[PDB]
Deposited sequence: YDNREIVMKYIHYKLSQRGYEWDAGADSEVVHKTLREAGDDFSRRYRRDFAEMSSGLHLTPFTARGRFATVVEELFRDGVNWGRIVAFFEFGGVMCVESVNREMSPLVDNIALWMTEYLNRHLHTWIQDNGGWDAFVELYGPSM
C-alpha cells in the first residue's frame, strides 16, 4: 500500500467515468470504490445539495478542502469517515472538471495524499492498515 496510489486510482476512476482521462493492491482499490459508491448512494440527496452549493474556484479550493477535512475528523477518525473523506475529494475533483477547472484535480489529489500521509497514517496503521479496511468492507463486496 501507498496512499498516493490509492488516491490516484480513486480519482482516476471517478474521472474516467465522465470521459475525462486524467494524466495523474487491487482489492484495496476496488473495495474503496464500492465503499465510496455505497456512501454516495446512502447520502444521494445530500450530495446533490452540497454540489448545488459548492461555490468552487481556484481561489477557494484549498480553503474549502481544509475546512471540510478538519470538520470531518473533528470528533476523531473511523473507517466511515475515511470513506467520506475520499468521497469528498472525489466530489471536489468532479466539480472541478464540470466547471472547466480541471487543473485543480492535481492540487486536490496532492492535498488528499498529504493529509493521509501526515494526519491519517497513525490511525490507519494502528487499525492494522488497509487490510483491515478490506476485511471490514468485504461483506458488502
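No alpha-carbon coordinates exist for the deposited sequence positions 25-27, which form the chain's only such stretch.
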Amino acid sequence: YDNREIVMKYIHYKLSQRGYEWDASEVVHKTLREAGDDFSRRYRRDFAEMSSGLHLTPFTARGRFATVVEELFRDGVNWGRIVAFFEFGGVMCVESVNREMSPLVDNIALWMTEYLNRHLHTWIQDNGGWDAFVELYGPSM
From here on, numbers count along this sequence of modelled residues.
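The PDB entry records a higher mean C-alpha B factor for 37-45 than for its counterpart among 37-45 and 98-106. The question of which stretch, 86-94 or 49-57, has the higher mean Cα B factor is settled in favour of 49-57.
The deposited CA B-factor of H29 belongs to the middle third of values across its chain.
Per the deposited record, the Cα B-factor of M8 falls in the middle third when ranked against the other modelled residues of its chain. Sort the chain's modelled residues by C-alpha temperature factor and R64 lands in the middle third, per the entry. When the CA B factors of the chain's modelled residues are split into thirds, the value for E21 lands in the middle one.
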